[PDB]
There are 2 protein chains.
Amino acid sequence: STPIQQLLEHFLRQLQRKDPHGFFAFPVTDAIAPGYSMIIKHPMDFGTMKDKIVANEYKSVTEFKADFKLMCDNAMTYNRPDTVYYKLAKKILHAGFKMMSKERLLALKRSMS
Amino acid sequence: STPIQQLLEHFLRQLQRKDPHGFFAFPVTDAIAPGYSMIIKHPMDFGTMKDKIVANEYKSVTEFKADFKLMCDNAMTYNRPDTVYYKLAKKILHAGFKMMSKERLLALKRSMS
Ligand SMILES: Cc1cc(=O)n(C)c2cc(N3C(=O)CC[C@H](NS(=O)(=O)CC(C)C)[C@H]3c3ccc(Cl)cc3)ccc12
Ligand SMILES: Cc1cc(=O)n(C)c2cc(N3C(=O)CC[C@H](NS(=O)(=O)CC(C)C)[C@H]3c3ccc(Cl)cc3)ccc12
């Protein structure tokens with residue numbers, strides 16, 4: 001492993017701690033969510049993101065954040081706002097934006113300087 | 001845990017992997033290393049470094065790197081060059097210097113955007 005990979009694993013672990021049921025742990029299938037494939041063409045989940053970190057496919061935090069936002073956006077797109085899935089996705093979306101904001105990334109940069 | 005703590009735990013883990021017998025895992029006593037405290041006025045070891053990470057006593061990678069360097073220097077000052085201790089400290093020093101170089105850290109900071 002590498003430093004960028006460890007920081008992204010950290011951010012991932014912190015986000016996944018907010019999903020203790022594991023709603024977003026693994027890909028949604030049509031078996032569990034009828035019509036999911038019809039509505040969601042760009043699927044994402046925390047397991048996939050973990051595999052992508054391990055293969056070093058994220059070249060920046062911006063790239064990692066985009067997949068994270070995509071996962072949350074898919075949950076809010078397929079599910080209606082009165083479901084546990086939508087509500088949690090909105091919450092964790094906010095937490096991730098705060099955790100990985102410019103201001104936060106700047107303080108971390110200081111500690112590498 | 002914080003992002004800096006996680007980064008430092010990564011560097012520490014990678015360096016300890018190079019010391020499977022734990023030569024540097026805990027403080028050297030004078031019973032095991034006669035006269036050590038006469039030669040070495042600022043002891044350091046991987047166990048202490050871990051405790052400092054946990055206690056949040058590193059302001060930067062520079063500070064951590066300085067403890068690692070101190071650990072290696074102590075080994076290379078006290079022990080004779082034909083010893084396992086000297087030779088392993090030198091090997092580990094070089095590996096650490098490669099892993100925590102300014103160049104590596106600039107690259108890592110670029111990826112935090
Ligand atoms: C209908 C539906 C939509 C949706 O967007 N998500 C994220 C769901 C997640 C569901 N899951 C749960 O409600 C409980 C956790 C479960 N994840 S898990 O099986 O990997 C077990 C966890 C402890 C690791 C998740 C889920 C996700 C995919 C599938 Cl195929 C089944 C259930 C079920 C339905 C949906
Ligand atoms: C003589 C000597 C000098 C020195 O600089 N070092 C680092 C030493 C390390 C020594 N140790 C070993 O040779 C084997 C490992 C041992 N570390 S450990 O007790 O923590 C075993 C581990 C698997 C948990 C190490 C050592 C370090 C501290 C002490 Cl007090 C005794 C032995 C022994 C002698 C010296």
# chains A, B, ... in the order shown; residues from 1 in each chain; ligands from 1
$ calpha_fit_and_write --fixed "chain A" --moving "chain B" --output "short mmCIF file (atom, residue, chain, number, x, y, z; two decimals) with C-alpha atoms, in the first residue's frame"
data_model
loop_
_atom_site.label_atom_id
_atom_site.label_comp_id
_atom_site.auth_asym_id
_atom_site.auth_seq_id
_atom_site.Cartn_x
_atom_site.Cartn_y
_atom_site.Cartn_z
CA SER B 1 -0.10 0.39 0.90
CA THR B 2 0.67 4.00 -0.13
CA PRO B 3 -0.05 7.25 1.69
CA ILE B 4 -2.91 8.14 -0.66
CA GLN B 5 -4.43 4.67 -0.27
CA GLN B 6 -4.23 5.01 3.48
CA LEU B 7 -5.91 8.45 3.38
CA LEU B 8 -8.69 7.13 1.20
CA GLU B 9 -9.17 4.03 3.40
CA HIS B 10 -9.59 6.44 6.33
CA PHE B 11 -12.31 8.44 4.60
CA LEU B 12 -14.03 5.22 3.46
CA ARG B 13 -13.92 3.72 6.97
CA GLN B 14 -15.35 6.88 8.54
CA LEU B 15 -18.25 6.91 5.99
CA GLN B 16 -19.03 3.19 6.42
CA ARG B 17 -19.21 3.68 10.17
CA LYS B 18 -22.32 5.69 9.46
CA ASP B 19 -23.87 2.68 7.60
CA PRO B 20 -23.89 -0.15 10.17
CA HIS B 21 -26.51 -2.18 8.27
CA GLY B 22 -24.41 -2.04 5.11
CA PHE B 23 -27.18 -0.53 2.98
CA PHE B 24 -24.42 0.83 0.73
CA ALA B 25 -21.91 -1.99 1.22
CA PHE B 26 -22.49 -3.84 -2.06
CA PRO B 27 -24.06 -3.21 -5.45
CA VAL B 28 -27.85 -2.94 -5.66
CA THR B 29 -29.40 -5.59 -7.95
CA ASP B 30 -32.68 -5.26 -9.79
CA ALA B 31 -34.07 -8.24 -7.76
CA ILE B 32 -33.80 -6.24 -4.55
CA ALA B 33 -34.61 -2.86 -6.14
CA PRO B 34 -37.01 -3.34 -9.07
CA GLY B 35 -36.05 -1.32 -12.13
CA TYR B 36 -32.87 -0.01 -10.52
CA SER B 37 -30.74 -0.41 -13.70
CA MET B 38 -33.39 1.55 -15.68
CA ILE B 39 -32.93 4.60 -13.44
CA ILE B 40 -29.28 4.30 -12.41
CA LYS B 41 -26.79 4.06 -15.18
CA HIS B 42 -23.57 4.34 -13.10
CA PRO B 43 -23.95 2.25 -9.94
CA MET B 44 -21.56 2.66 -7.07
CA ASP B 45 -21.21 1.27 -3.55
CA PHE B 46 -18.65 1.18 -0.72
CA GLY B 47 -17.43 -2.34 -1.72
CA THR B 48 -16.52 -1.11 -5.17
CA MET B 49 -14.84 1.98 -3.68
CA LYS B 50 -12.71 -0.26 -1.44
CA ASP B 51 -11.73 -2.39 -4.46
CA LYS B 52 -10.77 0.74 -6.38
CA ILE B 53 -8.56 1.91 -3.53
CA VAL B 54 -6.87 -1.52 -3.39
CA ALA B 55 -6.40 -1.52 -7.16
CA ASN B 56 -4.95 2.01 -6.95
CA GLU B 57 -7.60 3.44 -9.25
CA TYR B 58 -7.96 6.80 -7.52
CA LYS B 59 -5.61 9.50 -8.71
CA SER B 60 -6.83 11.92 -6.05
CA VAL B 61 -9.17 12.60 -3.17
CA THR B 62 -11.31 14.47 -5.82
CA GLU B 63 -11.82 11.22 -7.70
CA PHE B 64 -12.75 9.25 -4.57
CA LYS B 65 -15.07 12.03 -3.47
CA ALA B 66 -16.77 11.87 -6.90
CA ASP B 67 -17.53 8.12 -6.44
CA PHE B 68 -18.90 8.75 -2.94
CA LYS B 69 -21.05 11.55 -4.34
CA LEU B 70 -22.26 9.27 -7.16
CA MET B 71 -23.22 6.61 -4.63
CA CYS B 72 -25.30 9.10 -2.60
CA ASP B 73 -26.85 10.66 -5.72
CA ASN B 74 -27.93 7.23 -7.01
CA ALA B 75 -29.64 6.48 -3.67
CA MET B 76 -31.34 9.84 -3.59
CA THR B 77 -32.50 9.57 -7.21
CA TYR B 78 -33.87 6.05 -7.08
CA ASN B 79 -35.36 5.98 -3.62
CA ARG B 80 -38.25 8.10 -2.46
CA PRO B 81 -37.43 10.74 0.11
CA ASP B 82 -39.41 9.00 2.92
CA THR B 83 -37.21 5.94 2.74
CA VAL B 84 -34.37 4.85 4.94
CA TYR B 85 -32.09 4.66 1.91
CA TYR B 86 -32.68 8.28 0.82
CA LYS B 87 -32.41 9.62 4.33
CA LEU B 88 -29.19 7.78 5.14
CA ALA B 89 -27.58 8.73 1.77
CA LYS B 90 -28.33 12.42 2.54
CA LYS B 91 -26.84 12.13 6.06
CA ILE B 92 -23.76 10.39 4.71
CA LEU B 93 -23.34 12.84 1.84
CA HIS B 94 -23.27 15.79 4.18
CA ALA B 95 -20.83 14.07 6.49
CA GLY B 96 -18.55 13.28 3.54
CA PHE B 97 -18.71 16.79 2.17
CA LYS B 98 -17.60 18.07 5.58
CA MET B 99 -14.77 15.54 5.85
CA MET B 100 -13.40 16.01 2.32
CA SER B 101 -13.91 19.76 1.85
CA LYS B 102 -11.30 21.82 0.06
CA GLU B 103 -10.74 23.65 3.33
CA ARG B 104 -9.98 20.38 5.17
CA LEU B 105 -7.65 19.27 2.41
CA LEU B 106 -5.74 22.66 2.36
CA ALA B 107 -5.25 22.26 6.11
CA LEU B 108 -4.01 18.71 5.70
CA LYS B 109 -1.56 19.82 3.01
CA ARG B 110 -0.24 22.55 5.30
CA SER B 111 0.50 19.90 7.91
CA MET B 112 2.54 17.93 5.29
CA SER B 113 5.51 20.22 5.67
#
$ select_by_dssp --residues "chain B" --states "alpha helix (DSSP H)" --output "ChimeraX atom specification"
/B:3-16,36-39,46-54,61-78,84-99,102-111
$ decode --residues "range 102-113 of chain B" --atoms "N, CA, C and O atoms" --output "JSON list (two decimals), in the first residue's frame"
[["chain", "number", "residue", "atom", "x", "y", "z"],
["B", 102, "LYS", "N", 10.74, 14.55, 0.68],
["B", 102, "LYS", "CA", 9.96, 15.75, 0.37],
["B", 102, "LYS", "C", 9.21, 15.56, -0.96],
["B", 102, "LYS", "O", 8.07, 15.96, -1.12],
["B", 103, "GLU", "N", 9.88, 14.92, -1.91],
["B", 103, "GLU", "CA", 9.31, 14.65, -3.20],
["B", 103, "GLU", "C", 8.03, 13.80, -3.07],
["B", 103, "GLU", "O", 6.97, 14.14, -3.67],
["B", 104, "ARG", "N", 8.10, 12.73, -2.29],
["B", 104, "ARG", "CA", 6.91, 11.89, -2.04],
["B", 104, "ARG", "C", 5.78, 12.69, -1.41],
["B", 104, "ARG", "O", 4.60, 12.52, -1.76],
["B", 105, "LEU", "N", 6.15, 13.53, -0.45],
["B", 105, "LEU", "CA", 5.15, 14.29, 0.28],
["B", 105, "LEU", "C", 4.52, 15.41, -0.59],
["B", 105, "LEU", "O", 3.33, 15.67, -0.46],
["B", 106, "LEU", "N", 5.30, 16.02, -1.50],
["B", 106, "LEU", "CA", 4.74, 17.00, -2.47],
["B", 106, "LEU", "C", 3.71, 16.28, -3.36],
["B", 106, "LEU", "O", 2.60, 16.76, -3.57],
["B", 107, "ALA", "N", 4.08, 15.09, -3.81],
["B", 107, "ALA", "CA", 3.18, 14.32, -4.67],
["B", 107, "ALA", "C", 1.87, 13.96, -3.96],
["B", 107, "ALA", "O", 0.75, 14.07, -4.53],
["B", 108, "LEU", "N", 1.99, 13.55, -2.70],
["B", 108, "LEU", "CA", 0.84, 13.23, -1.89],
["B", 108, "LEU", "C", -0.05, 14.46, -1.68],
["B", 108, "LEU", "O", -1.27, 14.38, -1.78],
["B", 109, "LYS", "N", 0.55, 15.62, -1.46],
["B", 109, "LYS", "CA", -0.21, 16.84, -1.30],
["B", 109, "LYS", "C", -0.93, 17.22, -2.60],
["B", 109, "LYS", "O", -2.02, 17.74, -2.54],
["B", 110, "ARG", "N", -0.32, 16.95, -3.74],
["B", 110, "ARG", "CA", -0.95, 17.26, -5.01],
["B", 110, "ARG", "C", -2.19, 16.43, -5.15],
["B", 110, "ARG", "O", -3.16, 16.91, -5.69],
["B", 111, "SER", "N", -2.13, 15.19, -4.67],
["B", 111, "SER", "CA", -3.29, 14.28, -4.80],
["B", 111, "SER", "C", -4.41, 14.62, -3.80],
["B", 111, "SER", "O", -5.55, 14.17, -3.96],
["B", 112, "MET", "N", -4.12, 15.44, -2.78],
["B", 112, "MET", "CA", -5.17, 15.98, -1.89],
["B", 112, "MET", "C", -5.83, 17.26, -2.38],
["B", 112, "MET", "O", -5.90, 18.29, -1.69],
["B", 113, "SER", "N", -6.34, 17.18, -3.58],
["B", 113, "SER", "CA", -7.04, 18.27, -4.24],
["B", 113, "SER", "C", -8.18, 17.56, -4.95],
["B", 113, "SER", "O", -8.22, 16.30, -4.94]]
